[PDB]
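> The structure is given below, and queries will be raised subsequently.
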Amino acid sequence: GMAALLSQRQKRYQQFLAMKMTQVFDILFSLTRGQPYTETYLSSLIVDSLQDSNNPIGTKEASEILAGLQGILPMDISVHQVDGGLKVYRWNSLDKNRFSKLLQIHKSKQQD
């Protein structure tokens, strides 16, 4: 019924988001590390890199995914705002294998 419909769509979205977060990580990994990047640049880059007709991703989604990734990797990725303004991200070394493990753990805690 309705509860099943809500449940099923939510589960598909959980999978989608986790997939997208791993691609966002791949995108950050491809950039020159150790310099600031604005949220605006990174979110447009995520959308431009991953979007197609059949796999929509919007600016707001990309921004939240990026924020989630920093939240999971706070020891690797920093985020700063001046007076609640534009978010600016920085990182040095990133490790995908650690990230992949942390993602599954965080997904479990949230229940995906």
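Each chain of the structure tokens is named A, B, ... in the order shown, its residues numbered from 1; ligands are numbered from 1 in display order.
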Name the residues of segment 5-111 of chain A that come out as alpha helix (DSSP H) in a backbone DSSP run; write them as a PyMOL selection string.
chain A and resi 5-30+39-50+59-72+96-110
> Atoms to include: C-alpha atoms. Write the selected residues as a PDB file, in the first residue's frame.

```pdb
ATOM      1  CA  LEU A   5       5.295   2.747  -1.781  1.00  0.00           C
ATOM      2  CA  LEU A   6       6.953   5.240   0.560  1.00  0.00           C
ATOM      3  CA  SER A   7       9.343   2.553   1.837  1.00  0.00           C
ATOM      4  CA  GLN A   8      10.403   1.329  -1.598  1.00  0.00           C
ATOM      5  CA  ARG A   9      11.056   4.762  -3.071  1.00  0.00           C
ATOM      6  CA  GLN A  10      12.997   5.718   0.064  1.00  0.00           C
ATOM      7  CA  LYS A  11      15.215   2.626  -0.238  1.00  0.00           C
ATOM      8  CA  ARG A  12      16.000   3.383  -3.881  1.00  0.00           C
ATOM      9  CA  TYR A  13      16.873   6.944  -2.942  1.00  0.00           C
ATOM     10  CA  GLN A  14      19.157   5.715  -0.138  1.00  0.00           C
ATOM     11  CA  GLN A  15      21.096   3.637  -2.675  1.00  0.00           C
ATOM     12  CA  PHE A  16      21.176   6.452  -5.209  1.00  0.00           C
ATOM     13  CA  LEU A  17      22.568   8.969  -2.678  1.00  0.00           C
ATOM     14  CA  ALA A  18      25.254   6.619  -1.436  1.00  0.00           C
ATOM     15  CA  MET A  19      26.285   5.901  -5.072  1.00  0.00           C
ATOM     16  CA  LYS A  20      26.332   9.640  -5.797  1.00  0.00           C
ATOM     17  CA  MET A  21      28.444  10.343  -2.736  1.00  0.00           C
ATOM     18  CA  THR A  22      31.096   7.901  -3.958  1.00  0.00           C
ATOM     19  CA  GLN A  23      31.183   9.715  -7.293  1.00  0.00           C
ATOM     20  CA  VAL A  24      31.464  13.065  -5.549  1.00  0.00           C
ATOM     21  CA  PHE A  25      34.454  11.637  -3.676  1.00  0.00           C
ATOM     22  CA  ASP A  26      35.964  10.560  -7.044  1.00  0.00           C
ATOM     23  CA  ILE A  27      35.421  14.086  -8.363  1.00  0.00           C
ATOM     24  CA  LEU A  28      37.107  15.706  -5.317  1.00  0.00           C
ATOM     25  CA  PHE A  29      39.914  13.182  -5.577  1.00  0.00           C
ATOM     26  CA  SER A  30      40.528  14.240  -9.202  1.00  0.00           C
ATOM     27  CA  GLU A  39      30.547  25.134  -2.699  1.00  0.00           C
ATOM     28  CA  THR A  40      29.188  26.821  -5.845  1.00  0.00           C
ATOM     29  CA  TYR A  41      32.005  25.604  -8.053  1.00  0.00           C
ATOM     30  CA  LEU A  42      31.917  22.070  -6.588  1.00  0.00           C
ATOM     31  CA  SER A  43      28.132  21.683  -6.813  1.00  0.00           C
ATOM     32  CA  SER A  44      28.034  22.848 -10.455  1.00  0.00           C
ATOM     33  CA  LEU A  45      30.953  20.520 -11.222  1.00  0.00           C
ATOM     34  CA  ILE A  46      29.096  17.581  -9.634  1.00  0.00           C
ATOM     35  CA  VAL A  47      25.939  18.329 -11.584  1.00  0.00           C
ATOM     36  CA  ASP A  48      27.831  18.890 -14.863  1.00  0.00           C
ATOM     37  CA  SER A  49      29.874  15.686 -14.371  1.00  0.00           C
ATOM     38  CA  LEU A  50      27.119  13.266 -13.280  1.00  0.00           C
ATOM     39  CA  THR A  59      22.347  21.795  -7.450  1.00  0.00           C
ATOM     40  CA  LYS A  60      20.712  21.487  -4.042  1.00  0.00           C
ATOM     41  CA  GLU A  61      21.181  17.702  -4.029  1.00  0.00           C
ATOM     42  CA  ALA A  62      24.826  18.053  -5.053  1.00  0.00           C
ATOM     43  CA  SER A  63      25.405  20.617  -2.293  1.00  0.00           C
ATOM     44  CA  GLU A  64      23.832  18.378   0.402  1.00  0.00           C
ATOM     45  CA  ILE A  65      25.796  15.328  -0.769  1.00  0.00           C
ATOM     46  CA  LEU A  66      29.017  17.326  -0.647  1.00  0.00           C
ATOM     47  CA  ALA A  67      28.097  18.532   2.842  1.00  0.00           C
ATOM     48  CA  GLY A  68      27.376  14.942   3.862  1.00  0.00           C
ATOM     49  CA  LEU A  69      30.764  13.844   2.547  1.00  0.00           C
ATOM     50  CA  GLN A  70      32.571  16.452   4.658  1.00  0.00           C
ATOM     51  CA  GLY A  71      30.469  15.288   7.634  1.00  0.00           C
ATOM     52  CA  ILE A  72      31.699  11.710   7.126  1.00  0.00           C
ATOM     53  CA  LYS A  96      39.019   6.185  -0.855  1.00  0.00           C
ATOM     54  CA  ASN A  97      39.279   2.887   0.984  1.00  0.00           C
ATOM     55  CA  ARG A  98      38.766   4.518   4.371  1.00  0.00           C
ATOM     56  CA  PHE A  99      35.942   6.611   2.941  1.00  0.00           C
ATOM     57  CA  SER A 100      34.206   3.552   1.445  1.00  0.00           C
ATOM     58  CA  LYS A 101      34.223   1.883   4.863  1.00  0.00           C
ATOM     59  CA  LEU A 102      33.086   5.026   6.719  1.00  0.00           C
ATOM     60  CA  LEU A 103      30.255   5.486   4.225  1.00  0.00           C
ATOM     61  CA  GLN A 104      28.813   2.042   4.978  1.00  0.00           C
ATOM     62  CA  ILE A 105      29.063   2.653   8.684  1.00  0.00           C
ATOM     63  CA  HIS A 106      27.373   6.053   8.484  1.00  0.00           C
ATOM     64  CA  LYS A 107      24.695   4.690   6.144  1.00  0.00           C
ATOM     65  CA  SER A 108      23.977   1.973   8.724  1.00  0.00           C
ATOM     66  CA  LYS A 109      23.693   4.485  11.610  1.00  0.00           C
ATOM     67  CA  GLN A 110      21.241   6.694   9.670  1.00  0.00           C
TER      68      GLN A 110
END
```
> Going by DSSP on the backbone, which bits of chain A are strand (DSSP E or B)? Write them as an NGL selection string, please.
:A and (37-38 or 77-80 or 88-91)
> Mind writing the picked residues with N, CA and C atoms as an mmCIF file, in the first residue's frame?

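Saved to again.cif:
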```cif
data_model
loop_
_atom_site.group_PDB
_atom_site.id
_atom_site.type_symbol
_atom_site.label_atom_id
_atom_site.label_comp_id
_atom_site.auth_asym_id
_atom_site.auth_seq_id
_atom_site.Cartn_x
_atom_site.Cartn_y
_atom_site.Cartn_z
ATOM 1 N N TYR A 37 38.094 25.414 -2.478
ATOM 2 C CA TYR A 37 37.081 25.312 -3.529
ATOM 3 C C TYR A 37 35.740 25.776 -2.979
ATOM 4 N N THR A 38 35.035 26.629 -3.721
ATOM 5 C CA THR A 38 33.745 27.081 -3.227
ATOM 6 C C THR A 38 32.701 25.998 -3.408
ATOM 7 N N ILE A 77 38.516 16.568 5.183
ATOM 8 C CA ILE A 77 37.889 17.682 4.461
ATOM 9 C C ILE A 77 37.399 18.730 5.456
ATOM 10 N N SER A 78 37.828 19.978 5.277
ATOM 11 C CA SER A 78 37.339 21.045 6.140
ATOM 12 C C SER A 78 36.342 21.910 5.386
ATOM 13 N N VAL A 79 35.461 22.579 6.131
ATOM 14 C CA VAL A 79 34.530 23.501 5.516
ATOM 15 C C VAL A 79 34.512 24.753 6.383
ATOM 16 N N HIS A 80 34.534 25.916 5.744
ATOM 17 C CA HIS A 80 34.545 27.194 6.461
ATOM 18 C C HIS A 80 33.498 28.134 5.860
ATOM 19 N N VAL A 88 33.194 27.094 1.880
ATOM 20 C CA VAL A 88 34.427 26.878 1.136
ATOM 21 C C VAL A 88 35.092 25.644 1.734
ATOM 22 N N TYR A 89 35.447 24.707 0.849
ATOM 23 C CA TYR A 89 35.973 23.402 1.210
ATOM 24 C C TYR A 89 37.468 23.304 0.940
ATOM 25 N N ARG A 90 38.190 22.559 1.788
ATOM 26 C CA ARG A 90 39.620 22.316 1.601
ATOM 27 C C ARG A 90 39.929 20.903 2.050
ATOM 28 N N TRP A 91 40.921 20.282 1.409
ATOM 29 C CA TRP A 91 41.427 18.976 1.833
ATOM 30 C C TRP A 91 42.890 18.816 1.408
#
```
> Report the distance between atom CA of residue 92 of chain A and atom CA of residue 34 of chain A in Å, rounded to one decimal place.
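Rounded to one decimal, the two atoms are 4.8 Å apart.
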> May I ask for the distance between atom CA of residue 32 of chain A and atom CA of residue 84 of chain A, given in Å to one decimal place?
26.0 Å
